[PDB]
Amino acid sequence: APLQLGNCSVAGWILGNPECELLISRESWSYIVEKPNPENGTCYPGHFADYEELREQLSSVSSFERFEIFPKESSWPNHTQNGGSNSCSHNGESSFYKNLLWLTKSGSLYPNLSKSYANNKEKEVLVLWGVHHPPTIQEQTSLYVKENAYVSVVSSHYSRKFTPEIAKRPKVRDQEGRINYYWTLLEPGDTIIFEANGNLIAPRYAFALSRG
């Protein structure tokens, strides 16, 4: 049976665009019904890496389960959660993606972070995350203290380092900065490692799934 996304794109649904919340739960589907120009997708502007592949890999799913890979209440004792954005508004108020967590400085420091997750389930886990690129050095420091930060994401079949690039992009949804989105499929028995000293849009909800 087809998966109805309504007014949302695959990106808006998978990342958790706040306006894509009433979407009804489904554990299985074949074919995703998406409008030609969905209104609700990447509310916070940025590049969604390997998107078309993701769209293809999610076209037919036999099992789908969302879980809190990194629970908000206990995973980030040393960091604060940003107030999100007006670009991602819900009910007249600023919000953010439901499946991601915008970590910010706690006090006068954005401490180094190392968070890992082992795929205890017997299914593949879709992990998504982002990397923020402020438009100005003032915003970089205001949020992360350090001017030069890094983000590292490593598994047994994935390893990438992300360096924020501070600059004004053309305005999109009133935002000159950007959040680049990334993803990987964590096979059973593998471990993913998140390391950063700033600019990480951390995973909050991941998806254990069986493709096809």
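Throughout, we count residues from 1 along the sequence that is shown.
Of the two segments, 70 to 78 and 92 to 100, the one listed with the higher mean B-factor is 70 to 78 (C-alpha atoms only). For the pair 133 to 141 and 106 to 114, the mean B factor over Cα atoms is greater in 106 to 114. Take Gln175, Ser63, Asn180, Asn148 and read off each C-alpha B-factor from the entry; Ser63 has the highest. Considering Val33, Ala167, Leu54, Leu186 together, the PDB entry gives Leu186 the largest C-alpha B factor. Among all modelled residues in this chain, the alpha-carbon of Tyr44 has a temperature factor (C-alpha) in the lowest third.
Among the modelled residues of its chain, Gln4 has a C-alpha B-factor that falls in the lowest third according to the deposited record. In the PDB entry, a CA B factor belonging to the highest third of its chain's modelled residues is recorded for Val125. Annotation for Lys171: C-alpha temperature factor in the lowest third relative to the rest of the modelled chain, per the entry.
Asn197: CA B factor lies in the middle third for its chain, per the PDB record.
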